[PDB]
There are 4 protein chains.
Amino acid sequence: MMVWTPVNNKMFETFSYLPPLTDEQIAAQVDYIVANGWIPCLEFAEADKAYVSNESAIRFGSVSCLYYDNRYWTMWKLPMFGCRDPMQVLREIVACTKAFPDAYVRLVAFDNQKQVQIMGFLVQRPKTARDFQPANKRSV
Amino acid sequence: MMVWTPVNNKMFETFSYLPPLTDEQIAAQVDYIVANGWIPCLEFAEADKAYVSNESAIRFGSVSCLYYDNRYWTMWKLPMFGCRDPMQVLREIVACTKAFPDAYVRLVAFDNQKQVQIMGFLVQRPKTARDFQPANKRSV
Amino acid sequence: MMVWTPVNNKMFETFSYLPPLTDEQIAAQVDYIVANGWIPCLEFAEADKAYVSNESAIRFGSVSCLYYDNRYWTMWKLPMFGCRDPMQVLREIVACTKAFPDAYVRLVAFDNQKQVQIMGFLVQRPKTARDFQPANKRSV
Amino acid sequence: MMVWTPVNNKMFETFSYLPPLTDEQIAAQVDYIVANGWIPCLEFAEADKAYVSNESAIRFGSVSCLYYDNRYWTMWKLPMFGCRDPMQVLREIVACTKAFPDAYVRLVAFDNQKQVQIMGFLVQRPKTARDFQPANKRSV
């Protein structure tokens with residue numbers, strides 16, 4: 001029996017339970033976005049704004065149900081409307097991560113017919129992050 | 001008259017007002033668990049999750065009565081159902097504390113007829129803990 | 001496309017989106033106060049009391065609407081009633097910032113007919129402040 | 001005009017606006033307690049428990065009116081019932097401050113007919129305290 005560690009084992013939603021994505025694996029996810037005609041977008045946050053929190057609820061009456069701070073991140077430029085070139089998306093990932101090297105950065109895509117985000121995963125975490133485990137150290 | 005210190009004198013429920021348990025005394029408590037047919041289990045927590053706190057109540061209306069965070073700790077493996085060997089329990093204490101050397105670790109036991117925890121006491125505190133007193137320094 | 005930074009880019013109300021005021025530009029604003037017969041006043045706050053916060057709302061029922069802590073700063077001496085000399089205002093800025101070199105300091109002016117503050121802008125921030133950007137680093 | 005400082009200028013109720021009490025002035029206050037037949041008592045607190053705070057109100061509905069944490073301090077021994085000797089009080093101040101050299105310590109006195117604390121003032125603050133001004137630095 002192995003024990004799943006509760007210490008410094010924070011996750012990041014879709015794909016965070018898998019080995020970290022190689023550049024080839026990221027490119028394949030971008031191909032998927034383009035093949036389906038979805039709108040790519042990049043979002044970023046400083047470490048203190050990265051995970052869901054409750055601080056604003058201090059101002060509330062009994063209305064905190066499904067309210068969390070830090071769900072919104074900051075938009076990198078605009079969503080890439082009409083983009084059908086995967087290389088353009090990859091180039092923006094480089095540009096975003098270069099401008100904000102200490103930020104969490106996630107790649108998302110939107111479906112305008114359902115009007116919802118249809119995909120999303122982390123592409124960068126700051127090198128100073130100490131709150132997550134490598135795959136082989138998630139259980140002990 | 002001696003004065004009971006309010007400073008760095010945190011306790012840990014059952015047996016925390018006695019001298020720290022020797023290995024022989026721990027083994028005697030394990031014998032008691034086995035003699036009574038109770039189910040041994042180990043639980044652990046990092047220092048920040050060890051003592052009762054109130055943080056989640058920020059999300060509440062007027063319903064905090066008997067709500068506290070950090071009552072739940074993390075289960076080490078599973079409760080040792082059908083265990084009738086004290087040495088097996090002692091070996092799991094060693095294994096748990098080895099995997100989590102900086103965690104608080106407590107030994108508990110369950111009664112499945114009453115469906116309640118029937119015993120429990122701390123078996124490890126992190127060496128970095130500064131918030132407790134020696135038995136002879138509890139009063140000044 | 002340039003991206004407006006969300007990191008360490010705190011503002012300070014009126015004139016914060018312009019290049020920092022030169023001594024000549026500050027003098028011109030003081031002239032404006034005097035030309036209009038308004039009442040100059042200086043206010044200051046330590047860094048922890050400088051920006052709007054919510055901490056007191058822990059004590060509230062559902063009445064936090066338009067309540068914020070840190071809107072009030074500390075008055076430097078008294079408002080300069082009857083002041084008809086711009087140099088006198090400039091001298092008090094020097095005096096205030098000298099007494100509190102590590103404080104935020106703002107110059108304000110009051111209109112007693114409308115009974116409202118009619119102007120205001122920051123004249124000093126502590127040299128240790130790192131939560132703001134110069135104009136050329138506001139977008140990347 | 002002198003400006004009353006808002007920074008690190010915390011007070012301590014009765015007598016805190018006067019020059020610090022000399023040993024002769026403390027002895028005089030003790031004579032006053034004894035002359036009036038009041039009951040001397042010492043109380044103390046670590047720095048984090050010294051000033052009124054709000055933390056427990058996170059657990060409340062709309063009932064925080066005249067609730068504050070840190071009004072209660074810790075009793076040194078017991079109130080000195082039947083004490084008619086000032087030297088005995090002075091000896092307990094020495095003993096208390098010796099046992100808790102890093103604590104805030106206050107001398108108080110009770111009237112059992114009104115059933116209320118009838119006097120009180122600080123006799124020790126920790127040497128590490130940096131949140132107070134000497135009398136000559138309270139205004140600038």
# chains A, B, ... in the order shown; residues from 1 in each chain; ligands from 1
$ closest_atom_pairs --of "chain A" --to "chain B" --cutoff "9 Å" --atoms "only C-alpha atoms" --output "CSV"
residue,atom,partner,partner_atom,distance
A:1,CA,B:77,CA,6.6
A:2,CA,B:77,CA,7.1
A:3,CA,B:77,CA,5.8
A:4,CA,B:77,CA,8.7
A:5,CA,B:74,CA,8.8
A:6,CA,B:74,CA,7.2
A:7,CA,B:46,CA,6.9
A:54,CA,B:59,CA,7.2
A:55,CA,B:58,CA,7.9
A:57,CA,B:59,CA,6.1
A:58,CA,B:58,CA,6.0
A:60,CA,B:59,CA,8.3
A:61,CA,B:61,CA,6.9
A:62,CA,B:61,CA,4.9
A:63,CA,B:59,CA,8.3
A:64,CA,B:59,CA,5.7
A:65,CA,B:59,CA,8.1
A:140,CA,B:99,CA,6.6
$ residues_around --residues "residue 31 (chain D)" --least-positions-apart "3" --cutoff "10 Å" --atoms "only C-alpha atoms" --output "list in words"
residues 25, 26, 27, 28, 34, 35, 36, 37, 84, 85, 86, 87 and 89 of chain D
$ atom_distance --atom1 "CA of residue 9 (chain C)" --atom2 "CA of residue 108 (chain A)"
24.9 Å
$ atom_distance --atom1 "CA of residue 88 (chain B)" --atom2 "CA of residue 104 (chain B)"
20.3 Å
$ atom_distance --atom1 "CA of residue 109 (chain D)" --atom2 "CA of residue 138 (chain B)"
26.7 Å
$ residues_around --residues "residue 20 (chain A)" --least-positions-apart "3" --cutoff "9 Å" --atoms "only C-alpha atoms" --output "list in words"
residues 15, 16, 17, 134 and 135 of chain A
$ write_last_selection --atoms "N, CA and C atoms" --output "PDB file, in the first residue's frame"
ATOM      1  N   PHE A  15      -5.056  17.380 -16.672  1.00  0.00           N
ATOM      2  CA  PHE A  15      -3.742  16.829 -17.037  1.00  0.00           C
ATOM      3  C   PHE A  15      -2.689  16.889 -15.935  1.00  0.00           C
ATOM      4  N   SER A  16      -3.032  17.499 -14.807  1.00  0.00           N
ATOM      5  CA  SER A  16      -2.067  17.619 -13.718  1.00  0.00           C
ATOM      6  C   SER A  16      -1.728  16.287 -13.030  1.00  0.00           C
ATOM      7  N   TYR A  17      -2.533  15.241 -13.242  1.00  0.00           N
ATOM      8  CA  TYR A  17      -2.241  13.913 -12.678  1.00  0.00           C
ATOM      9  C   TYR A  17      -1.370  13.037 -13.589  1.00  0.00           C
ATOM     10  N   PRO A 134       6.771  16.016  -7.745  1.00  0.00           N
ATOM     11  CA  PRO A 134       6.936  15.297  -9.005  1.00  0.00           C
ATOM     12  C   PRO A 134       6.100  14.014  -8.981  1.00  0.00           C
ATOM     13  N   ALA A 135       5.702  13.525 -10.154  1.00  0.00           N
ATOM     14  CA  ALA A 135       4.868  12.317 -10.265  1.00  0.00           C
ATOM     15  C   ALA A 135       5.263  11.166  -9.329  1.00  0.00           C
TER      16      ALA A 135
END
$ select_by_dssp --residues "region 13-123 of chain A" --states "strand (DSSP E)" --output "PyMOL selection string"
chain A and resi 39-45+74-76+104-111+116-123
